Amino acid sequence: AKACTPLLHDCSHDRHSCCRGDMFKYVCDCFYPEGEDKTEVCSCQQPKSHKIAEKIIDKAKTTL
């Protein structure tokens, strides 16, 4: 496998196979995509800071 395991990609092959960066790396996360009774899916997910939009006091008629 030449290409690595970026975000939104399964990393069951290796919890530490997910691609890497200069600032922050990708963390493997497992979830039950409607298959908690069948099997769990583990993909690469990125961190957060509980802040995706905290500046919209003013209006704007244009795609942000």
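Backbone N, Cα and C atoms are what each Cβ position is placed from, and that goes for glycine too.
As recorded in Swiss-Prot, the features of this protein are as follows:
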DISULFID  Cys4-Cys19  disulfide bond
DISULFID  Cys11-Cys28  disulfide bond
DISULFID  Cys18-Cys44  disulfide bond
DISULFID  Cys30-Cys42  disulfide bond
MOD_RES   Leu64  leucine amide
REGION    1-44  region 'Knottin domain'
REGION    45-64  region 'Linear cationic cytotoxin domain'
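Beyond the region 'Linear cationic cytotoxin domain' (45-64), the same-chain residues lying 6 or more positions past its ends with a Cβ under 8 Å from any Cβ of the stretch are 7, 24, 26-29.
In terms of Cα spacing, the recorded positions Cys4, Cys18, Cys42, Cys44, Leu64 that come within 10 Å of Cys28 (disulfide bond) are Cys18, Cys42, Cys44.
Least packed by the Cβ count within 10 Å, out of the disulfide-bonded residues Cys19, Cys44, is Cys19. With respect to Cβ neighbours within 10 Å, the recorded positions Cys11, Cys28, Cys42, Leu64 differ, and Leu64 shows the lowest count. When the C-alpha distances from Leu64 (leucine amide) to the disulfide-bonded residues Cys4, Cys11, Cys18, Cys19, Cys44 are tabulated, the minimum falls on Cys44.
Cα distances from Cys4 (disulfide bond) to the disulfide-bonded residues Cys11, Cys18, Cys30, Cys42, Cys44 are smallest for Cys18. Distance noted between the C-alpha atoms of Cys30 (disulfide bond) and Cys44 (disulfide bond) is 9 Å.
In the three-state DSSP scheme, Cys19 (disulfide bond) is classed as coil. Counting Cβ atoms from all protein chains shown, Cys30 (disulfide bond) has 13 others lying within 10 Å of its own Cβ. With helix defined as DSSP H, G or I and strand as E or B, the region 'Linear cationic cytotoxin domain' (45-64) counts 0 helix, 1 strand, 19 coil.
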